[PDB]
Amino acid sequence: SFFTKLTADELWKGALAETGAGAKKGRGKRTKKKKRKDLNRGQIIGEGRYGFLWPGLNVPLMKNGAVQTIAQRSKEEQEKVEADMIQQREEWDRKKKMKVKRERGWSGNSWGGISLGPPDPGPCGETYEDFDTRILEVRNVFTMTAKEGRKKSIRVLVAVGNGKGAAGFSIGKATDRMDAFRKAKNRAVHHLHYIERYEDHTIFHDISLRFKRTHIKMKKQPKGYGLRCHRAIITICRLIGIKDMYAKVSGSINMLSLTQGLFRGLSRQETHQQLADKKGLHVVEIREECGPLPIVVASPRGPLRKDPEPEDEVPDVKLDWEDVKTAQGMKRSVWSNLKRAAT
Amino acid sequence: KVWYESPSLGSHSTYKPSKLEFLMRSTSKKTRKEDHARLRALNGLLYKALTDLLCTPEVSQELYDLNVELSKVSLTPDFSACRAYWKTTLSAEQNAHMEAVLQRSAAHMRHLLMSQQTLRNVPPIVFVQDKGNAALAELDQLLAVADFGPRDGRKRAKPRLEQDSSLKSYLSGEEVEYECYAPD
Amino acid sequence: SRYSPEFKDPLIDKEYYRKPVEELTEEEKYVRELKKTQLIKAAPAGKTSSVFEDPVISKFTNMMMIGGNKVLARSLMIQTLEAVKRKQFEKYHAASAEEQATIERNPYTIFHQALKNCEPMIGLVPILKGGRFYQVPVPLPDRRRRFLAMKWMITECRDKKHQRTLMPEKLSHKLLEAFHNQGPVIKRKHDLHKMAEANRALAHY
Amino acid sequence: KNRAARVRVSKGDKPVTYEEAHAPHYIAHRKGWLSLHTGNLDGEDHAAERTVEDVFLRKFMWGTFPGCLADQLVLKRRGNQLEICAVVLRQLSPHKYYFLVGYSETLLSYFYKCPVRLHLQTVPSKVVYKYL
Amino acid sequence: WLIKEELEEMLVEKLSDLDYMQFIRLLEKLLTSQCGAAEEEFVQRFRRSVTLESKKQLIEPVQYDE
RNA sequence: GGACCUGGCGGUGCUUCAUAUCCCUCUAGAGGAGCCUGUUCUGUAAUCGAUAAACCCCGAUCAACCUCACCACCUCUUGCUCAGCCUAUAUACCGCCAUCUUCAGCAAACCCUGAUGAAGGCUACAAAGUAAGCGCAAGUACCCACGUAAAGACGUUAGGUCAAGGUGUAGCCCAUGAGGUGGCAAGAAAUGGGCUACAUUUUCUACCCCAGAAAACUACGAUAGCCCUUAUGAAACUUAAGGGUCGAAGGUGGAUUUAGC
Ligand SMILES: [K+]
Ligand SMILES: [K+]
Ligand SMILES: [K+]
Ligand SMILES: [K+]
Ligand SMILES: [K+]
Ligand SMILES: [K+]
Ligand SMILES: [Mg+2]
Ligand SMILES: [Mg+2]
Ligand SMILES: [Mg+2]
Ligand SMILES: [Mg+2]
Ligand SMILES: [Mg+2]
Ligand SMILES: [Mg+2]
Ligand SMILES: [Mg+2]
Ligand SMILES: [Mg+2]
Ligand SMILES: [Mg+2]
Ligand SMILES: [Mg+2]
Ligand SMILES: [Mg+2]
Ligand SMILES: [Mg+2]
Ligand SMILES: [Mg+2]
Ligand SMILES: [Mg+2]
Ligand SMILES: [Mg+2]
Ligand SMILES: [Mg+2]
Ligand SMILES: [Mg+2]
Ligand SMILES: [Mg+2]
Ligand SMILES: [Mg+2]
């Protein structure tokens, strides 16, 4: 019956079944899902199976200065039109099948390490094109609710940085994963740290700190050493602009504790100029590649002390057994000093 | 502090229990657990203050001779009146005399509470006889008057392990003027 | 209600209005100037300013009314008052000059006194203490006492014990009995009080 | 919960027209009728026939002007005249709108045996009353 | 006294309920004082006259027959 | 395994409440009888759906044929349809709804606290929240500004409906489709709702409220049974109305329970 027919919107809303107890709690999963298709997309008003040529609707109204008359395509000429529409339909399907594949993260199914692009431009014509965003953790958090039972939300941790010392991180929370991505990355650029870098490639000194239960030990390294660090530290270091560093993470490997523990340690590093000013002495760098040449890296801006720094015959500094065990060669590990891709 | 918590952040805030504050208070505000404690403690002070006034001879020689005992004292949280339950004696006639003396004394008692300025802002004091013996007083009064007449296993997956393809769809594919009159 | 809360009940009392101004107090003067600004409900069809109006009989009539049949309920009431008066005129003419002085012939006086002799002072109401309901002998408010005297009188006359006796004869006979502190309804009052005395020990519940 | 002809609250991104935004209880209060004829007046006949004709014309115009209608049709009957008033978009060329007007008026005049006129009002975009 | 929805239009701002009460409590505190003429035109800006309909019954005209 | 959070639950505390409302109080009922009607069970060759609140005179503002989807028998095969299917799945859905709701909350976008932990965000003499939108509210309908309707979000019950229609998936295609004839729908029983009663505030007649009779085995009381007639229909022991005959249980109904300001 003609009167029992419905519109396409009604038919797709029913067929897709996006509203319902199945879609309320995700009670239904969709390895095979009905996908909405616009069936009026490639359709031309006036074109039908019979192949009639209606002047002014599907063919031009005037031809050679005269009004065209009703005509019908030949059986052969109409098959070509039908065949051409089928090919155009598979070509359109091929255009949708051709989607550019994006680079993966730390692993194929992991969100960690994936770039989210620059943060969105602020309301007052503010822009962050110089900043890159990286995901550090995407978690599904499940909240038990008084009336609705277990609900699913997303907690995301992302880090931002411009590669020139300015970097930050923020947590994002939302019911949708892409709304959380927006919140974290936009928020992160308003909580930026500035990180001091020695010669714009490494840290100024070895950093050993604990944040809660996560211990991070970082070592200053020369050029060409690369980033031999926990994968998250590698990601964060590329955003900061650190090229050469060793880091060892022990204790609880909690991504959030690691991130904020890392930023706390990198933000409290004393530069060579700060050391020179504090002690009113020259900071002299001795490099084995340059032999005995003394390279003054920093000099105090104020007066220069005349009394040498006391030379304690033996320093009362606390040592790391891992560092000492290595220096002596007693540290044997099949996993240390393994060949890895450039980082 | 003790197992009973006393770390209130607004600990120094000046407790102001007045009838006017209730009208400017936010009924939307939900009372804290320790907000009751401030009310409960004030009620204890009102009990001690009335109880002590009761046993001193000078305040009112009529009041002292009665040897009145207060069962309980609970100030209204509205602050309209200070309820002051007084234990009811078994003697039926004595419950009226005690009550009458209390009502007359109550008016002067409120002024005497201003003498202790800390308790100055006291609402009108109300005395309530304990119905345990008082309710029976009303009945027995009617009981004698009354005329009694001429006597004679589907597997349930873990929600945290539930697989999702949101990343696989993300990683698989990057998702996909001039106006003029009489145009020819 | 179709009356907004602003509507006040009408005061139907001729005397209340003819009272001179001088006798009025400063409080009564304020109430009178206030009502001139207030909305007044329409007077109900039941009550009028008539000098023969009796609110108690009008109430007893409504408690006898079945299914909104006021005409029948009113007819039964006036037939009862006529039956009471005729029974007293017959007792009056048959009596001696000495006994005649004690014989009441006004049915309104008999009706009121008959009910007042049936009003129960105290009643049994279940006050709860300890998880159980104990029929505590509780004082009765004035409204409840008057209502119970009417409900007991109407209930007794509707009892099936009366066989083919019309209501105006039953009710008249019960009113004159209760007027003399006699009858079943008077017994119900006495027994209710006696039960309330046997449960005096339960007044703590 | 009532469902009939109620566009349900969403995230604030769904544009609804004035007609779509008003539930049935607002009919005759805030919104008028989409068809006006005498069949539903007391003592008047042929309400069933006017109703079937109206259901057809709405389907006919939806499929005859595919993707062009920006709102529901307003159907007016005076005497034996049938006037169809439609709010359409400005995407189709004017030649195709004139073709379809001439075609639709003629075909409907012969189908229902009455003079039929079609009145087109063009809008640049669907008029949005609110974002539900 | 003007209602909150009328104060919210004189000020052209949104107000809380407690904001309204605080303003009224402060105006009442001003009337109890010995306010002069300058302090009386100000308070009347926030007093809205309440027009009361009279409950007095309307009397029908007295007509005359033939 | 430790600590903590949330939810659920507690024969868990305290406090204040429900306005036809949880208890008592007020009025008329149900629960007992007959009848009407629904369901269950049983029965039958002989639908389906609803089925605690939120099913049970419910889908039906309605089944003698038809309706009809059931059963038996017979028949047709590109079939009223560029077929058809009341076949499975309401736990794939649209559509339209129940329910808390006789609620007042839901909430995008931001901001802040907890070390940037799961989490949390209020104090008015105010101490971190601001909030579009939706609902309530307002407005409108009915006789007012009252009342009654209408309205009532998000969410709860994978609540109801694939048999209104439509439709995803799966299945049938000489049959799970189509047509014809006849037939089923009863009551050992149980139960829900309703009607009529048990009578004297009643029954009959006149009247529409100043009457006369009736009033316990010829009273009250069947709208039941049986018989006849009429109405509708092609078709009526069957449906309805009326008349005749008949004159039964019932004598105001335990625990329990419904509605009304
Ligand atoms: K709990
Ligand atoms: K009953
Ligand atoms: K549904
Ligand atoms: K269906
Ligand atoms: K289906
Ligand atoms: K019943
Ligand atoms: Mg892989
Ligand atoms: Mg409803
Ligand atoms: Mg029964
Ligand atoms: Mg059934
Ligand atoms: Mg079933
Ligand atoms: Mg079902
Ligand atoms: Mg149920
Ligand atoms: Mg048949
Ligand atoms: Mg049939
Ligand atoms: Mg079939
Ligand atoms: Mg369902
Ligand atoms: Mg209203
Ligand atoms: Mg309603
Ligand atoms: Mg409303
Ligand atoms: Mg279900
Ligand atoms: Mg078949
Ligand atoms: Mg009969
Ligand atoms: Mg016939
Ligand atoms: Mg008989």
# chains A, B, ... in the order shown; residues from 1 in each chain; ligands from 1

call {"tool": "select_by_dssp", "arguments": {"residues": "chain C", "states": "strand (DSSP E)", "output": "PyMOL selection string"}}
result
chain C and resi 7-8+39-40+122-128+133-139

call {"tool": "write_last_selection", "arguments": {"atoms": "N, CA and C atoms", "output": "PDB file, in the first residue's frame"}}
result
ATOM      1  N   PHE C   7     -11.567  33.566  50.373  1.00  0.00           N
ATOM      2  CA  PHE C   7     -12.979  33.617  50.727  1.00  0.00           C
ATOM      3  C   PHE C   7     -13.186  33.210  52.180  1.00  0.00           C
ATOM      4  N   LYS C   8     -13.882  34.058  52.928  1.00  0.00           N
ATOM      5  CA  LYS C   8     -14.206  33.803  54.323  1.00  0.00           C
ATOM      6  C   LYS C   8     -15.623  33.258  54.446  1.00  0.00           C
ATOM      7  N   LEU C  39     -13.540  38.789  50.876  1.00  0.00           N
ATOM      8  CA  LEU C  39     -14.483  38.026  50.071  1.00  0.00           C
ATOM      9  C   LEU C  39     -15.230  37.041  50.958  1.00  0.00           C
ATOM     10  N   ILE C  40     -16.531  36.910  50.718  1.00  0.00           N
ATOM     11  CA  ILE C  40     -17.414  36.103  51.551  1.00  0.00           C
ATOM     12  C   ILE C  40     -18.012  34.997  50.695  1.00  0.00           C
ATOM     13  N   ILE C 122     -15.477   9.826  78.124  1.00  0.00           N
ATOM     14  CA  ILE C 122     -14.178   9.244  77.810  1.00  0.00           C
ATOM     15  C   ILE C 122     -14.361   8.095  76.829  1.00  0.00           C
ATOM     16  N   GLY C 123     -13.361   7.912  75.959  1.00  0.00           N
ATOM     17  CA  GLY C 123     -13.409   6.883  74.945  1.00  0.00           C
ATOM     18  C   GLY C 123     -12.128   6.068  74.926  1.00  0.00           C
ATOM     19  N   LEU C 124     -12.163   4.995  74.139  1.00  0.00           N
ATOM     20  CA  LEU C 124     -11.038   4.082  73.988  1.00  0.00           C
ATOM     21  C   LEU C 124     -10.412   4.285  72.614  1.00  0.00           C
ATOM     22  N   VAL C 125      -9.152   4.707  72.596  1.00  0.00           N
ATOM     23  CA  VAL C 125      -8.424   4.951  71.353  1.00  0.00           C
ATOM     24  C   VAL C 125      -7.092   4.212  71.429  1.00  0.00           C
ATOM     25  N   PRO C 126      -6.666   3.521  70.367  1.00  0.00           N
ATOM     26  CA  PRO C 126      -5.425   2.740  70.453  1.00  0.00           C
ATOM     27  C   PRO C 126      -4.166   3.586  70.334  1.00  0.00           C
ATOM     28  N   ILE C 127      -3.574   3.948  71.468  1.00  0.00           N
ATOM     29  CA  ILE C 127      -2.272   4.604  71.477  1.00  0.00           C
ATOM     30  C   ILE C 127      -1.191   3.533  71.475  1.00  0.00           C
ATOM     31  N   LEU C 128      -0.161   3.736  70.659  1.00  0.00           N
ATOM     32  CA  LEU C 128       0.860   2.726  70.416  1.00  0.00           C
ATOM     33  C   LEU C 128       2.103   3.023  71.240  1.00  0.00           C
ATOM     34  N   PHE C 133      -0.687  -2.025  69.819  1.00  0.00           N
ATOM     35  CA  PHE C 133      -1.779  -1.074  69.988  1.00  0.00           C
ATOM     36  C   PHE C 133      -2.587  -1.449  71.223  1.00  0.00           C
ATOM     37  N   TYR C 134      -2.612  -0.552  72.206  1.00  0.00           N
ATOM     38  CA  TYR C 134      -3.391  -0.726  73.424  1.00  0.00           C
ATOM     39  C   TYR C 134      -4.527   0.284  73.435  1.00  0.00           C
ATOM     40  N   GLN C 135      -5.756  -0.206  73.580  1.00  0.00           N
ATOM     41  CA  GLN C 135      -6.931   0.661  73.634  1.00  0.00           C
ATOM     42  C   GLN C 135      -6.853   1.483  74.912  1.00  0.00           C
ATOM     43  N   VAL C 136      -6.203   2.633  74.818  1.00  0.00           N
ATOM     44  CA  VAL C 136      -6.032   3.497  75.990  1.00  0.00           C
ATOM     45  C   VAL C 136      -7.325   4.268  76.238  1.00  0.00           C
ATOM     46  N   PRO C 137      -7.837   4.311  77.469  1.00  0.00           N
ATOM     47  CA  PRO C 137      -8.969   5.201  77.767  1.00  0.00           C
ATOM     48  C   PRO C 137      -8.528   6.656  77.708  1.00  0.00           C
ATOM     49  N   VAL C 138      -8.953   7.355  76.665  1.00  0.00           N
ATOM     50  CA  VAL C 138      -8.486   8.713  76.400  1.00  0.00           C
ATOM     51  C   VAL C 138      -9.664   9.662  76.568  1.00  0.00           C
ATOM     52  N   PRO C 139      -9.421  10.869  77.077  1.00  0.00           N
ATOM     53  CA  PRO C 139     -10.475  11.888  77.076  1.00  0.00           C
ATOM     54  C   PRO C 139     -11.015  12.093  75.672  1.00  0.00           C
TER      55      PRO C 139
END

call {"tool": "interface_residues", "arguments": {"of": "chain C", "to": "chain E", "cutoff": "9 Å", "atoms": "only C-alpha atoms", "output": "JSON, numbers by chain"}}
result
{"C": [36, 37, 38, 39]}

call {"tool": "interface_residues", "arguments": {"of": "chain B", "to": "chain A", "cutoff": "10 Å", "atoms": "only C-alpha atoms", "output": "PyMOL selection string"}}
result
chain B and resi 159-160+162-176

call {"tool": "residues_near_ligand", "arguments": {"ligand": "ligand 12", "cutoff": "8 Å", "atoms": "only C-alpha atoms (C1' of nucleotides) and all ligand atoms", "output": "count of residues only"}}
result
4

call {"tool": "select_by_dssp", "arguments": {"residues": "region 57-224 of chain A", "states": "alpha helix (DSSP H)", "output": "ChimeraX atom specification"}}
result
/A:75-97,177-188

call {"tool": "residues_near_ligand", "arguments": {"ligand": "ligand 25", "cutoff": "12 Å", "atoms": "only C-alpha atoms (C1' of nucleotides) and all ligand atoms", "output": "PDB file with N, CA, C and O atoms (P, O5', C5', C4', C3', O3' and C1' of nucleotides), in the first residue's frame"}}
result
ATOM      1  P     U F 203     -38.149   0.778  47.605  1.00  0.00           P
ATOM      2  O5'   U F 203     -39.340  -0.239  47.327  1.00  0.00           O
ATOM      3  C5'   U F 203     -39.086  -1.616  47.087  1.00  0.00           C
ATOM      4  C4'   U F 203     -40.369  -2.389  46.922  1.00  0.00           C
ATOM      5  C3'   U F 203     -41.408  -1.755  46.010  1.00  0.00           C
ATOM      6  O3'   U F 203     -41.163  -2.010  44.638  1.00  0.00           O
ATOM      7  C1'   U F 203     -42.440  -2.424  48.025  1.00  0.00           C
ATOM      8  P     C F 204     -41.504  -0.896  43.532  1.00  0.00           P
ATOM      9  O5'   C F 204     -43.088  -0.963  43.401  1.00  0.00           O
ATOM     10  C5'   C F 204     -43.733  -2.156  42.987  1.00  0.00           C
ATOM     11  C4'   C F 204     -45.233  -2.006  42.996  1.00  0.00           C
ATOM     12  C3'   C F 204     -45.778  -0.735  42.363  1.00  0.00           C
ATOM     13  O3'   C F 204     -45.844  -0.804  40.950  1.00  0.00           O
ATOM     14  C1'   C F 204     -46.828  -1.088  44.448  1.00  0.00           C
ATOM     15  P     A F 214     -53.369  -3.366  52.913  1.00  0.00           P
ATOM     16  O5'   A F 214     -52.021  -3.898  52.252  1.00  0.00           O
ATOM     17  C5'   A F 214     -52.040  -4.600  51.020  1.00  0.00           C
ATOM     18  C4'   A F 214     -50.646  -4.835  50.498  1.00  0.00           C
ATOM     19  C3'   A F 214     -49.685  -5.514  51.461  1.00  0.00           C
ATOM     20  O3'   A F 214     -49.831  -6.923  51.470  1.00  0.00           O
ATOM     21  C1'   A F 214     -48.633  -3.633  50.479  1.00  0.00           C
ATOM     22  P     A F 215     -50.067  -7.711  52.849  1.00  0.00           P
ATOM     23  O5'   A F 215     -48.640  -7.692  53.554  1.00  0.00           O
ATOM     24  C5'   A F 215     -47.486  -8.176  52.884  1.00  0.00           C
ATOM     25  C4'   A F 215     -46.231  -7.610  53.495  1.00  0.00           C
ATOM     26  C3'   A F 215     -46.137  -7.712  55.010  1.00  0.00           C
ATOM     27  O3'   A F 215     -45.655  -8.969  55.446  1.00  0.00           O
ATOM     28  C1'   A F 215     -45.643  -5.502  54.344  1.00  0.00           C
ATOM     29  P     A F 216     -46.463  -9.803  56.554  1.00  0.00           P
ATOM     30  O5'   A F 216     -45.850 -11.269  56.451  1.00  0.00           O
ATOM     31  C5'   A F 216     -46.056 -12.070  55.292  1.00  0.00           C
ATOM     32  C4'   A F 216     -45.084 -13.222  55.232  1.00  0.00           C
ATOM     33  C3'   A F 216     -44.823 -13.912  56.567  1.00  0.00           C
ATOM     34  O3'   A F 216     -44.568 -15.299  56.349  1.00  0.00           O
ATOM     35  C1'   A F 216     -42.803 -13.017  55.744  1.00  0.00           C
ATOM     36  P     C F 217     -45.788 -16.335  56.207  1.00  0.00           P
ATOM     37  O5'   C F 217     -45.469 -17.119  54.859  1.00  0.00           O
ATOM     38  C5'   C F 217     -45.522 -16.458  53.599  1.00  0.00           C
ATOM     39  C4'   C F 217     -45.268 -17.411  52.458  1.00  0.00           C
ATOM     40  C3'   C F 217     -46.191 -18.625  52.414  1.00  0.00           C
ATOM     41  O3'   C F 217     -46.453 -18.989  51.058  1.00  0.00           O
ATOM     42  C1'   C F 217     -43.949 -19.344  52.657  1.00  0.00           C
ATOM     43  P     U F 218     -47.940 -18.873  50.459  1.00  0.00           P
ATOM     44  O5'   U F 218     -47.889 -17.570  49.543  1.00  0.00           O
ATOM     45  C5'   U F 218     -46.979 -17.478  48.452  1.00  0.00           C
ATOM     46  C4'   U F 218     -47.280 -16.289  47.572  1.00  0.00           C
ATOM     47  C3'   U F 218     -47.248 -14.933  48.275  1.00  0.00           C
ATOM     48  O3'   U F 218     -46.762 -13.934  47.380  1.00  0.00           O
ATOM     49  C1'   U F 218     -49.392 -15.289  47.358  1.00  0.00           C
ATOM     50  P     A F 219     -45.308 -13.290  47.600  1.00  0.00           P
ATOM     51  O5'   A F 219     -45.470 -12.423  48.927  1.00  0.00           O
ATOM     52  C5'   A F 219     -46.177 -11.193  48.918  1.00  0.00           C
ATOM     53  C4'   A F 219     -45.447 -10.141  49.712  1.00  0.00           C
ATOM     54  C3'   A F 219     -44.091  -9.727  49.163  1.00  0.00           C
ATOM     55  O3'   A F 219     -44.190  -8.746  48.145  1.00  0.00           O
ATOM     56  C1'   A F 219     -43.895 -10.198  51.470  1.00  0.00           C
ATOM     57  P     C F 220     -43.231  -8.805  46.857  1.00  0.00           P
ATOM     58  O5'   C F 220     -41.834  -8.269  47.397  1.00  0.00           O
ATOM     59  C5'   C F 220     -41.730  -6.993  48.010  1.00  0.00           C
ATOM     60  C4'   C F 220     -40.386  -6.809  48.661  1.00  0.00           C
ATOM     61  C3'   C F 220     -39.182  -7.081  47.773  1.00  0.00           C
ATOM     62  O3'   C F 220     -38.845  -5.979  46.951  1.00  0.00           O
ATOM     63  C1'   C F 220     -38.908  -8.199  49.835  1.00  0.00           C
ATOM     64  P     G F 221     -38.650  -6.179  45.371  1.00  0.00           P
ATOM     65  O5'   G F 221     -37.529  -7.305  45.269  1.00  0.00           O
ATOM     66  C5'   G F 221     -36.238  -7.094  45.818  1.00  0.00           C
ATOM     67  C4'   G F 221     -35.399  -8.345  45.763  1.00  0.00           C
ATOM     68  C3'   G F 221     -35.322  -9.039  44.415  1.00  0.00           C
ATOM     69  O3'   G F 221     -34.399  -8.425  43.535  1.00  0.00           O
ATOM     70  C1'   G F 221     -35.712 -10.640  46.111  1.00  0.00           C
ATOM     71  P     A F 222     -34.873  -7.897  42.095  1.00  0.00           P
ATOM     72  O5'   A F 222     -34.885  -9.206  41.191  1.00  0.00           O
ATOM     73  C5'   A F 222     -34.027 -10.299  41.475  1.00  0.00           C
ATOM     74  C4'   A F 222     -33.395 -10.843  40.221  1.00  0.00           C
ATOM     75  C3'   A F 222     -34.332 -11.032  39.040  1.00  0.00           C
ATOM     76  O3'   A F 222     -34.554  -9.825  38.330  1.00  0.00           O
ATOM     77  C1'   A F 222     -33.032 -12.983  39.332  1.00  0.00           C
ATOM     78  P     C F 246     -46.679 -19.921  37.982  1.00  0.00           P
ATOM     79  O5'   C F 246     -45.122 -20.112  38.257  1.00  0.00           O
ATOM     80  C5'   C F 246     -44.490 -21.364  38.042  1.00  0.00           C
ATOM     81  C4'   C F 246     -42.996 -21.268  38.224  1.00  0.00           C
ATOM     82  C3'   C F 246     -42.520 -20.762  39.577  1.00  0.00           C
ATOM     83  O3'   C F 246     -42.493 -21.779  40.563  1.00  0.00           O
ATOM     84  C1'   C F 246     -41.366 -19.620  37.856  1.00  0.00           C
ATOM     85  P     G F 247     -42.944 -21.463  42.073  1.00  0.00           P
ATOM     86  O5'   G F 247     -41.979 -20.280  42.525  1.00  0.00           O
ATOM     87  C5'   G F 247     -40.573 -20.484  42.611  1.00  0.00           C
ATOM     88  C4'   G F 247     -39.868 -19.303  43.233  1.00  0.00           C
ATOM     89  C3'   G F 247     -40.312 -18.946  44.653  1.00  0.00           C
ATOM     90  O3'   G F 247     -39.187 -18.511  45.414  1.00  0.00           O
ATOM     91  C1'   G F 247     -40.602 -17.079  43.245  1.00  0.00           C
ATOM     92  P     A F 248     -38.981 -19.012  46.926  1.00  0.00           P
ATOM     93  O5'   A F 248     -37.499 -19.594  46.937  1.00  0.00           O
ATOM     94  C5'   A F 248     -37.234 -20.920  46.506  1.00  0.00           C
ATOM     95  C4'   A F 248     -35.873 -21.034  45.866  1.00  0.00           C
ATOM     96  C3'   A F 248     -34.728 -20.378  46.621  1.00  0.00           C
ATOM     97  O3'   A F 248     -34.232 -21.188  47.673  1.00  0.00           O
ATOM     98  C1'   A F 248     -34.615 -19.783  44.334  1.00  0.00           C
TER      99        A F 248
END

call {"tool": "residues_around", "arguments": {"residues": "region 19-30 of chain D", "least_positions_apart": "6", "cutoff": "9 Å", "atoms": "only C-alpha atoms (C1' of nucleotides)", "output": "list in words"}}
result
residues 4, 5, 6, 7, 71, 72, 129, 130 and 132 of chain D; 140, 141, 150 and 151 of chain F

call {"tool": "write_last_selection", "arguments": {"atoms": "N, CA and C atoms (P, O5', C5', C4', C3', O3' and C1' of nucleotides)", "output": "PDB file, in the first residue's frame"}}
result
ATOM      1  N   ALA D   4       3.963  11.225  21.740  1.00  0.00           N
ATOM      2  CA  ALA D   4       3.372  11.680  20.487  1.00  0.00           C
ATOM      3  C   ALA D   4       3.900  13.045  20.065  1.00  0.00           C
ATOM      4  N   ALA D   5       4.525  13.086  18.890  1.00  0.00           N
ATOM      5  CA  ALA D   5       4.916  14.338  18.240  1.00  0.00           C
ATOM      6  C   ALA D   5       5.704  15.245  19.181  1.00  0.00           C
ATOM      7  N   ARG D   6       6.654  14.660  19.902  1.00  0.00           N
ATOM      8  CA  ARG D   6       7.502  15.391  20.838  1.00  0.00           C
ATOM      9  C   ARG D   6       8.954  15.175  20.438  1.00  0.00           C
ATOM     10  N   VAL D   7       9.610  16.234  19.979  1.00  0.00           N
ATOM     11  CA  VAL D   7      11.051  16.188  19.773  1.00  0.00           C
ATOM     12  C   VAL D   7      11.715  16.257  21.139  1.00  0.00           C
ATOM     13  N   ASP D  71       9.601  22.795   5.381  1.00  0.00           N
ATOM     14  CA  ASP D  71       8.603  22.732   6.438  1.00  0.00           C
ATOM     15  C   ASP D  71       7.405  21.945   5.925  1.00  0.00           C
ATOM     16  N   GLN D  72       6.490  21.639   6.841  1.00  0.00           N
ATOM     17  CA  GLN D  72       5.262  20.948   6.476  1.00  0.00           C
ATOM     18  C   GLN D  72       4.430  21.800   5.525  1.00  0.00           C
ATOM     19  N   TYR D 129      13.704  27.356  15.090  1.00  0.00           N
ATOM     20  CA  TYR D 129      13.042  27.995  16.220  1.00  0.00           C
ATOM     21  C   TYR D 129      13.891  27.904  17.481  1.00  0.00           C
ATOM     22  N   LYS D 130      14.527  26.758  17.707  1.00  0.00           N
ATOM     23  CA  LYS D 130      15.338  26.547  18.896  1.00  0.00           C
ATOM     24  C   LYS D 130      16.223  25.333  18.664  1.00  0.00           C
ATOM     25  N   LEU D 132      17.271  22.080  20.484  1.00  0.00           N
ATOM     26  CA  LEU D 132      16.952  21.172  21.577  1.00  0.00           C
ATOM     27  C   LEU D 132      18.106  20.216  21.852  1.00  0.00           C
TER      28      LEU D 132
ATOM     29  P     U F 140      -3.322  33.139  30.493  1.00  0.00           P
ATOM     30  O5'   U F 140      -3.850  31.962  29.559  1.00  0.00           O
ATOM     31  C5'   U F 140      -3.748  32.052  28.147  1.00  0.00           C
ATOM     32  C4'   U F 140      -3.885  30.701  27.491  1.00  0.00           C
ATOM     33  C3'   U F 140      -5.214  29.990  27.685  1.00  0.00           C
ATOM     34  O3'   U F 140      -6.218  30.454  26.802  1.00  0.00           O
ATOM     35  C1'   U F 140      -3.442  28.474  28.075  1.00  0.00           C
ATOM     36  P     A F 141      -7.757  30.436  27.248  1.00  0.00           P
ATOM     37  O5'   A F 141      -8.126  28.888  27.302  1.00  0.00           O
ATOM     38  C5'   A F 141      -8.244  28.122  26.114  1.00  0.00           C
ATOM     39  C4'   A F 141      -8.810  26.756  26.397  1.00  0.00           C
ATOM     40  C3'   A F 141     -10.061  26.729  27.260  1.00  0.00           C
ATOM     41  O3'   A F 141     -11.238  26.963  26.510  1.00  0.00           O
ATOM     42  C1'   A F 141      -8.505  25.134  28.061  1.00  0.00           C
ATOM     43  P     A F 150      -5.848  14.871  31.671  1.00  0.00           P
ATOM     44  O5'   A F 150      -4.870  15.749  30.771  1.00  0.00           O
ATOM     45  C5'   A F 150      -5.290  16.260  29.517  1.00  0.00           C
ATOM     46  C4'   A F 150      -4.536  17.514  29.156  1.00  0.00           C
ATOM     47  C3'   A F 150      -3.020  17.423  29.213  1.00  0.00           C
ATOM     48  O3'   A F 150      -2.450  16.821  28.066  1.00  0.00           O
ATOM     49  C1'   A F 150      -3.717  19.358  30.351  1.00  0.00           C
ATOM     50  P     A F 151      -1.191  15.836  28.213  1.00  0.00           P
ATOM     51  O5'   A F 151      -0.042  16.763  28.807  1.00  0.00           O
ATOM     52  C5'   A F 151       0.420  17.901  28.098  1.00  0.00           C
ATOM     53  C4'   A F 151       1.334  18.740  28.950  1.00  0.00           C
ATOM     54  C3'   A F 151       2.518  18.008  29.559  1.00  0.00           C
ATOM     55  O3'   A F 151       3.605  17.871  28.662  1.00  0.00           O
ATOM     56  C1'   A F 151       1.435  19.271  31.233  1.00  0.00           C
TER      57        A F 151
END

call {"tool": "decode", "arguments": {"residues": "region 213-217 of chain A", "atoms": "C-alpha atoms", "output": "tab-separated table (two decimals), in the first residue's frame"}}
result
chain	number	residue	atom	x	y	z
A	213	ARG	CA	55.49	5.70	45.55
A	214	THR	CA	56.96	6.37	42.08
A	215	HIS	CA	60.75	6.85	42.04
A	216	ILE	CA	62.38	8.57	39.06
A	217	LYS	CA	66.15	8.76	38.61
